[PDB]
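Letters A, B, ... are given to chains in the order of the sequence lines, protein chains preceding strands, and every chain is numbered from 1. Note: hydrogens, waters and symmetry copies are ignored here, and every other heavy atom, side chains too, is used. Start at 1 and go down the list; that is how both ligands and their atoms are numbered.
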Amino acid sequence: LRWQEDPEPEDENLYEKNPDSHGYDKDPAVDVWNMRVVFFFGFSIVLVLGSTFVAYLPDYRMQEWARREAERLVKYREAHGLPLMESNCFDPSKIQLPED
Amino acid sequence: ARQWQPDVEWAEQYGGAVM
Amino acid sequence: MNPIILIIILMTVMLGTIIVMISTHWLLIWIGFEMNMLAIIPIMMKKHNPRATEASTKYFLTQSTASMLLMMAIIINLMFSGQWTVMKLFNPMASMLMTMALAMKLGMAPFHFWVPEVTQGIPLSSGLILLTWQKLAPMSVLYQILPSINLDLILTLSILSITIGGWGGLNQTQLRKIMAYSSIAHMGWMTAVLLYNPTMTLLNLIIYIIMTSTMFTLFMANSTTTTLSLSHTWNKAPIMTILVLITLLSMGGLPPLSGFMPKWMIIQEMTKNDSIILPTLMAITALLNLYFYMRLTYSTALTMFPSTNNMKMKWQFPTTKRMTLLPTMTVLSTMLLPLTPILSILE
Amino acid sequence: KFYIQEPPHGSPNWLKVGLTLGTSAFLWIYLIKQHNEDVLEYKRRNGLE
Amino acid sequence: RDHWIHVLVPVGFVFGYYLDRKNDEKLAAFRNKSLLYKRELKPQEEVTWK
Amino acid sequence: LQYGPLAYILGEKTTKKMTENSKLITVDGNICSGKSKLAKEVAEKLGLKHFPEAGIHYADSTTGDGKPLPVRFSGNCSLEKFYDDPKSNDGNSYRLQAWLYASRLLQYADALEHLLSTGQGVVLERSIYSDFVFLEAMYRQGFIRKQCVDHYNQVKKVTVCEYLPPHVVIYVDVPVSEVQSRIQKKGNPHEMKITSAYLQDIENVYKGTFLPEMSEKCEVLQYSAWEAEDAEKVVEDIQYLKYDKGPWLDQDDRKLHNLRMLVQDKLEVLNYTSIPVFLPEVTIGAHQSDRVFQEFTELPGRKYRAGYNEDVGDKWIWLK
Amino acid sequence: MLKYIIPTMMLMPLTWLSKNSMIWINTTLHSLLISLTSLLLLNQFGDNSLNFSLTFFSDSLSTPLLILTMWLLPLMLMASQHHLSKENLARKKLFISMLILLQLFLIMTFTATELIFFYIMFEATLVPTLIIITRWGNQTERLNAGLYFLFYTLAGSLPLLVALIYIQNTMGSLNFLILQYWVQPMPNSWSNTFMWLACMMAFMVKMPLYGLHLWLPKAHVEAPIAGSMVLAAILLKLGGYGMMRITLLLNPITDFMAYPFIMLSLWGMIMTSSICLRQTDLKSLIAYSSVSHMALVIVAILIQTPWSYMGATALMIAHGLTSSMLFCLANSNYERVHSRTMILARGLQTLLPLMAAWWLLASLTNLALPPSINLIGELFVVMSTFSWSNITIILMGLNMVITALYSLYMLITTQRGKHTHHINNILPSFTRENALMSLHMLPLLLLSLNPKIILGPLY
Amino acid sequence: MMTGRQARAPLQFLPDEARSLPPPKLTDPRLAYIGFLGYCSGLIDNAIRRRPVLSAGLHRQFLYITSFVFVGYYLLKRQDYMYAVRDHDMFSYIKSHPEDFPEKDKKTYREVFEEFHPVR
Ligand SMILES: CCCCCCCCCCCCCCCCCC(=O)OC[C@H](COP(=O)([O-])OC[C@H](O)COP(=O)([O-])OC[C@H](COC(=O)CCCCCCCCCCCCCCCCC)OC(=O)CCCCCCCCCCCCCCCCC)OC(=O)CCCCCCCCCCCCCCCCC
Ligand SMILES: CCCCCCCCCCCCCCCCCC(=O)OC[C@H](COP(=O)([O-])OCC[N+](C)(C)C)OC(=O)CCCCCCCCCCCCCCCCC
Ligand SMILES: CCCCCCCCCCCCCCCCCC(=O)OC[C@H](COP(=O)([O-])OCC[N+](C)(C)C)OC(=O)CCCCCCCCCCCCCCCCC
Ligand SMILES: CCCCCCCCCCCCCCCCCC(=O)OC[C@H](COP(=O)(O)OCCN)OC(=O)CCCCCCCCCCCCCCCCC
Ligand SMILES: Nc1ncnc2c1ncn2[C@@H]1O[C@H](COP(=O)(O)O)[C@@H](O)[C@H]1O
């Protein structure tokens, strides 16, 4: 024969001894307060106020400014006859080239 | 259905003179 | 053994190593090694069985041969330099012979062939002395002769020690041979960074002594000398499984632990000197050491091997063993990496 | 009593507790004294007074 | 306190927040010295940010 | 601790307290030799300390509250189930025998600790040198396997070599029929199932194997059932021995210091009882081992070290 | 970042000083408080990263990975508390300690200003993961799986250590903010070739790359549920994070070094997805799906166009949420049948209708149903790789067929058909399990409303 | 490397010129970490001997914290000293050898030509 081993413990059903079980714990008061903690600090706190916080981020990575600033610059250079964008990112008067 | 723990057959491989 | 005689013999071991450390004359270096061997022989024969006597015979033969090659190197130094200062060596033949002699004293490959034997034959405390305290005096002489150490010789000894101490412990089920092949690999790690920066040599020596002392102190606390006896620890002392877990994960060089600290710093001083192949091969070879450390942690901490019935009796007796500095060494061998720039105290 | 044999650590070794607390308090007062001496020596050498 | 364990993690935030502010004054070498945001100091004001 | 190398340096020698009355005397005999009183009678005539025979709960009696624990924590075996079913499936036979060997090893360590710390001799009942006489008596009856005998011989080979023999062995000649008559007059409903061949093999390993090998290393005293009734004759025989054999002659302060350092460390004494030889009668799997260990930790006065358990009324722990 | 590291470390006394029945509720509550606190990292600018100190900063790449990481801990605590209910209280606290410590290493892995500190935390994440897999895994093969997980990562990353120390010696610093401005172009040589490989192959293993992915259908399968959640949802994405950091230093050599590996991914997502069509183990099917989805992130980082980085970080966040939910669904059926065979339990919509709806939503987000951020990342990577080469759309498009094929087969095998007769322990769905599914899926569907926060530093 | 520097005055843990340097504060984060190591040593010492880990031996845990803070304070002082000596030797050597450390012409990017590599 083989060694002295405990047999396989059977799968417990939480709904037998606690038919109102939320599945967090076998003690029903601990189980229901775990449910309240998960749902309040999971949904009432992080999801709701998180969506409110992400919804009202103060110009996330300054894109809105960048529209408004562009709405300034176009308005400067439509009237002053300038082209809307130069193909040179920097002034060619301040670039030296390798002579050849 | 429980966690596997090593049997005598696993343990005897570590009990020789060499590995 | 008489405890007074034990105290005098351990003080004579420490005295011989200190005489190697503090002396400026070569004859006093040789005298320190002779005193150290002559005093450590009864520590190996403490339990009086033929394995201890065989181990002491093998240790005597290797250390006597190394002491004779050391004195020959000293005599050739007096030939070609006319003086006796413990400093650089004034002949490459004397440099080669002294590097061979110190490699034989350390057990660096291919002179490693006595370290897994003798450590198997002797008790765990004497093996602790052999693998921690007996590495101090030859590394001190290698610290002081490094302007004359040939580079290819010390690097050949280093990589050969790292590879052979890596492939040694993969076949081992006896814990003392595991610590012996770990010793060979770590001495290769110490001497590889020697000619580049000996402060990192000293850092590797101190961290290795801390980790080895932690592992031997855990082995003496649990009274286990094999892997399969170390596997009974969780049913007796569950905290000791956590301690051997974190210490063996430290000894493999896994961050964020302190045993990652030396080898990383060794690489940090070898890529400065434009050696890129050599610390890469050394780091990849250290994975073998980490593999058999992981084997020991699987057998001890991360699984539960079956114990026997008589273990239920040992539940009723707490450990009356003097586990000296085991919390201190266990903390220092694991949680010291955030204090990595402390190494400047060794400069 | 509870135990059949009186344990060695059943009562505190008051000599060892006294040596422990005295050694620790001595190390703290010597540490604070050494730190005050070091900051005073630093300010005296570099002139911050 | 009957519920002293629910102030380990919030105070560990607050203290941690404090250390972040405590580090900002250690990185304040270019305060009002950047070429973009340098300006004359407003009355009854000693630093531009804290 | 209390005793260590420092006390041996500071003058606590053990040959100073070693007197002529300091004799470790083992009384041996069959299952109803009546020796259980005889040993006690020797202890009340030579002034020695009597240790009763080691059972399942000897270690329970020496540790904690001194009361017997439940059998799943100590033993995991039963003498009565061995008497009912000696050839059982689960392997109670060698598991009981190995537990009794470990309990007698603990008893013999306690005996040498008392003898070497106090200078008082100890009268033992069926020491570790007479435990195999049940083992072979099981194996000759087919109750255990050859592998169980090999496990016993390995554990005995690495444990009994660290000790000394007793000074005096007291053996009691009782034949098998008188043993059976005393069992039937005892009234134990499980002990009456003990066969004749088992008691005969006990007596055969007594007279053929135990007493000849103990005739060298110590001085055996053998008595019948009726001449062991008169205690004073046995006491006069012990008092007029000329102790000239065994390794008790070459025991100085250093060797007995090493022996006292051995026998006061019980985990060092009990180190090699649980050697990793995976024999199915003694091997316990990890889930049962973990379950019984965590239940043993929940017992009062057993969770921490002894002077540190608040629930049984330990004080000053914050200064310990 | 020290307003997050200190509460994560104060989670250790919060789990070791708690009452024996309160050690799940307290850790769930305070980890959800830390996850609500994580939203302060959304102070991102269009030009400058949110630069805290010499040690920590957080751009718009690390910020969503941090928010996902700090969100994943309460979900792992809810997932792993049922099957560890019969566990010893000390090992239960040790499991919670390993999860907290892994979160602690991850949050300062993604905020490492300096790359060798990134390496120390990046390889520090191995040890709690290794201990969780090889200690609380269910089957025999957790030990071998932990070996493969450890030794692929270390064999890839110990050349990364030498490469990073070489950059520290050559450039002078391994600060990422310094190396934005002191980066030199890496010329063509064999030395710079193995420089590239040593900087890249560690992250190739962690993504995983096809051919090097052999640790993952063992490490993700043999792990417990919290281990599988953190391995799929975060620990694969360390590789994408590290590649997006380290390909700054590997130009213009990447422009001709990426050619084999792109092939290994463009073929690998065809192979592993096809492997998902024949997987009998449902958890292995989810594992090979994770390989198939991270192949696109490897391709997008190696072609290094802006649309590819936006799509790759959106795919990383989206796959973290989706794969974590799929592993949790597979656990929700493993806790009822005690097997991982997919053909065993069938017809589960007849018995568990709302849980079948959670399976439906997780399968639709797995197959990149628009307008999910799964599809936003998938689509943007496909746009950038059409710009890379016009033929890749075939390997993309056929993948988007096969990705549908196993995503619904998983829905049809488990949830639809005739229910298995002999299996009668199919309990009704707990409130905990549906809470776990909803806390995975509702942030994933809310991120479709405002996806610009998960599109990286070059939105 | 610096073995000739600390050879005119051997076996000095902290020399006299080390006192020219500011000592670490008692609220040093490194010193707080070493005090944390002392607390961990106390907890491991109670765990290995089967004591109540937080309760038993508050005097012993306090001596662990005190001893590690005490040793680590001097270790941090010597650490800061040796890094200051490293920088002092570096700066004295650069000042004494100007020919080995020339002042580089820092050119702005209008003259500096870098090869452009398009990613497409
Ligand atoms: C910031 C404020 C935001 C406010 C608005 C929120 C917008 C929606 C957010 C996400 C909503 C998900 C929740 C519902 C589904 C999950 C639960 C479930 O199945 O419950 C069934 C249950 C009703 O069914 P039952 O009979 O009781 O049980 C189910 C049966 O067992 C049998 O079940 P069954 O299979 O018969 O029934 C399931 C059925 C099955 O139907 C399907 O699976 C078909 C859906 C796919 C094809 C059709 C849609 C294709 C795309 C077009 C729509 C998007 C673009 C439209 C815009 C214009 C064009 C661009 O699905 C539905 O009925 C859901 C309709 C809406 C579907 C939305 C798309 C999800 C598809 C997957 C991802 C697609 C890409 C991402 C889209 C993101 C959209 C925001 O519903 C509830 O109990 C609802 C509870 C409350 C839900 C609150 C949701 C938001 C929570 C967020 C908290 C924090 C923010 C505060 C806002 C709170 C607002 C109240
Ligand atoms: C983030 C990375 C990690 C991932 C895991 C995160 C875990 C932590 C979770 C924390 C909480 C969630 C954080 C993300 C929140 C994202 C949501 C959010 O803030 O959105 C902002 C967006 C902002 O939209 P916006 O871009 O227009 O912003 C406007 C800006 N302000 C408000 C300042 C002017 O909010 C909305 O869109 C709200 C609109 C009203 C409500 C929604 C109406 C439409 C929704 C569908 C209705 C039905 C349509 C038809 C369907 C028919 C059936 C199919
Ligand atoms: C997970 C398994 C697969 C892992 C793959 C890991 C990456 C594969 C390639 C790694 C090569 C080794 C590290 C290279 C670091 C380069 C740093 C550097 O500065 O390079 C330039 C340096 C150049 O030297 P230098 O930079 O000093 O030179 C000055 C500059 N010039 C050239 C102008 C003079 O390269 C080298 O010195 C050597 C590079 C190649 C090293 C070959 C030895 C290792 C062989 C491959 C091992 C791969 C892993 C083995 C384990 C597999 C699993 C068991
Ligand atoms: C640049 C570097 C210069 C040098 C720096 C300093 C180097 C320090 C080297 C440390 C070497 C330690 C060698 C071993 C300790 C010496 C004393 C000894 O022999 O202790 C063992 C002793 C034997 O007891 P025994 O009766 O034989 O036990 C058998 C079982 N019945 O007792 C026991 O067995 C008791 C069990 C516990 C013993 C633990 C001993 C730990 C000693 C090492 C501490 C760590 C090292 C110091 C700190 C780091 C410094 C680098
Ligand atoms: N193998 C064994 N068979 C029977 N009895 C045993 C065995 N081993 C030990 N004993 C003990 O020997 C006792 C018999 O001696 P007595 O004390 O005279 O009854 C029994 O009560 C048992 O406790």
Undergrad: To the nearest 0.1 Å, how far is atom 15 (C) of ligand 3 from its closest protein heavy atom, and which atom is that?
TA: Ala198(G) CB, 3.7 Å
Undergrad: Nearest protein heavy-atom contact for atom 47 (C) of ligand 3: which residue, which atom, what distance?
TA: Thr280(C) CG2, 5.0 Å
Undergrad: Hey, could you give me each pair passing salt bridge (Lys or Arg N to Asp or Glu O under 4.0 Å) that has a residue in residues 196-207 of chain G? Not counting sequence neighbours.
TA: none
Undergrad: To check your reading of the model: name the closest protein heavy atom to atom 44 (C) of ligand 1, its residue, and the distance in Å.
TA: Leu364(G) CD1, 4.5 Å
Undergrad: Of the side chain and backbone of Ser438(G), name the one, both, or neither that has a heavy atom under 4.0 Å from an atom of ligand 1.
TA: neither
Undergrad: Has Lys193(F) got its NZ or CZ under 6.0 Å from the middle of the six-membered ring of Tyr83(F), at an angle within 45 degrees of the ring axis?
TA: no
Undergrad: With backbone taken as N, CA, C and O and side chain as the heavy atoms from C-beta onward, which portion of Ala357(G) lies under 4.0 Å from ligand 1: side chain, backbone, both, or neither?
TA: side chain
Undergrad: Evaluate the 4.0 Å heavy atom contact test for atom 77 (C) of ligand 1: does a protein atom fall under the cut-off?
TA: yes
Undergrad: Please check atom 51 (C) of ligand 3 for a protein heavy-atom neighbour under 4.0 Å.
TA: yes
Undergrad: Give me the residue, atom name and distance of the protein heavy atom closest to atom 49 (C) of ligand 3.
TA: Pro159(G) CG, 4.3 Å
Undergrad: Is the NZ or CZ atom of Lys272(C) both under 6.0 Å from the centre of the six-membered ring of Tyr196(C) and within 45° of that ring's axis?
TA: no
Undergrad: Provide, line by line, the atom pairs where ligand 5 and the protein bring an N/O atom each to a distance under 3.5 Å; else say none.
TA:
from     : atom 1 : to        : atom 2 : distance (Å)
ligand 5 : 1 (N)  : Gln97(F)  : OE1    : 3.4
ligand 5 : 1 (N)  : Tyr198(F) : OH     : 2.8
ligand 5 : 3 (N)  : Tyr198(F) : OH     : 2.8
ligand 5 : 5 (N)  : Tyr83(F)  : OH     : 3.1
ligand 5 : 12 (O) : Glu53(F)  : OE2    : 3.2
ligand 5 : 15 (O) : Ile31(F)  : O      : 3.4
ligand 5 : 15 (O) : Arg126(F) : NH1    : 2.7
ligand 5 : 15 (O) : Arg126(F) : NH2    : 3.0
ligand 5 : 17 (O) : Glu53(F)  : OE1    : 2.9
ligand 5 : 18 (O) : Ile31(F)  : O      : 2.8
ligand 5 : 19 (O) : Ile31(F)  : O      : 3.1

Undergrad: Determine if the distance from atom 33 (C) of ligand 3 to the closest protein heavy atom is below 4.0 Å.
TA: no
Undergrad: Measure the NE2-CG distance between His440(G) and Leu361(G) for me, rounded to the nearest 0.5 Å.
TA: 13.5 Å
Undergrad: For ligand 1, which part of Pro353(G) has a heavy atom less than 4.0 Å away: the side chain, the backbone, both, or neither?
TA: both
Undergrad: Please list the nearest protein heavy atom to atom 43 (C) of ligand 3 with its residue and the distance rounded to 0.1 Å.
TA: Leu281(C) CD1, 3.9 Å
Undergrad: Could you tell me, atom by atom, which parts of ligand 3 come under 4.0 Å of a heavy atom of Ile277(C)?
TA: 38 (C)
Undergrad: Could you find the nearest protein heavy atom to atom 7 (C) of ligand 3 and give me its residue, atom name and distance?
TA: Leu197(G) O, 3.6 Å
Undergrad: Under 4.0 Å from atom 23 (C) of ligand 3, is there at least one protein heavy atom?
TA: yes
Undergrad: Heavy atoms only: which of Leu361(G), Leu47(A), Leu354(G) is nearest to atom 72 (C) of ligand 1?
TA: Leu361(G)
Undergrad: When you measure from atom 39 (C) of ligand 3 to each heavy atom in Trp215(G), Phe194(G), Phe151(G), which option holds the nearest one?
TA: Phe194(G)
Undergrad: Would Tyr166(G) count as a polar contact of ligand 3, with the cut-off being nitrogen or oxygen pairs under 3.5 Å?
TA: yes
Undergrad: Under 4.0 Å, heavy atoms only, figure out whether ligand 1 is touched by the backbone of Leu369(G), its side chain, both or neither.
TA: both
Undergrad: Do you see a donor-acceptor pair shorter than 3.5 Å between the side chains of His293(G) and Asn374(G)?
TA: no
Undergrad: Counting only heavy atoms on the protein side, is anything nearer than 4.0 Å to atom 37 (O) of ligand 3?
TA: yes
Undergrad: Any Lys/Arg nitrogen of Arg95(F) or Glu281(F) sitting under 4.0 Å from an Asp/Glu carboxylate oxygen of the other?
TA: no
Undergrad: Does the protein put a heavy atom under 4.0 Å from atom 45 (C) of ligand 3?
TA: no
Undergrad: Quick one: does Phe43(A) get a heavy atom under 4.0 Å from ligand 1?
TA: no
Undergrad: Heavy-atom distances under 4.0 Å decide this one: backbone, side chain, both or neither, for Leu445(G) against ligand 1?
TA: both
Undergrad: Considering the heavy atoms of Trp358(G), write down every atom of ligand 1 situated less than 4.0 Å from one of them.
TA: 16 (C), 17 (C)
Undergrad: Which residue and atom name correspond to the protein heavy atom nearest atom 3 (C) of ligand 1, and how close is it?
TA: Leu449(G) CD1, 3.9 Å
Undergrad: Nearest protein heavy atom to atom 50 (C) of ligand 1, by residue and atom, and its distance?
TA: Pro370(G) O, 4.4 Å
Undergrad: Heavy atoms only: which of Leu49(A), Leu446(G), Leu442(G) lies closest to atom 89 (C) of ligand 1?
TA: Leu442(G)
Undergrad: Just need the protein heavy atom nearest to atom 53 (C) of ligand 3, so name the residue and atom and give the distance.
TA: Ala155(G) CB, 3.7 Å
Undergrad: Protein non-hydrogen atoms only, distance under 4.0 Å: does atom 19 (O) of ligand 3 have such a neighbour?
TA: yes
Undergrad: Check each of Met204(G), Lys206(G), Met201(G) against atom 5 (C) of ligand 3 and report the one with the nearest heavy atom.
TA: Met201(G)
Undergrad: Nearest protein heavy atom to atom 54 (C) of ligand 1, by residue and atom, and its distance?
TA: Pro371(G) CD, 3.7 Å
Undergrad: Any atoms of ligand 3 less than 4.0 Å from a non-hydrogen atom of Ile284(C)? List them with their elements.
TA: 51 (C)
Undergrad: Tell me the protein heavy atom at minimum distance from atom 96 (C) of ligand 1, and give that distance in Å.
TA: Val48(A) CG2, 4.4 Å
Undergrad: Determine, considering heavy atoms only, which of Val54(A), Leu375(G), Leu360(G) sits nearest to atom 42 (C) of ligand 1.
TA: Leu360(G)
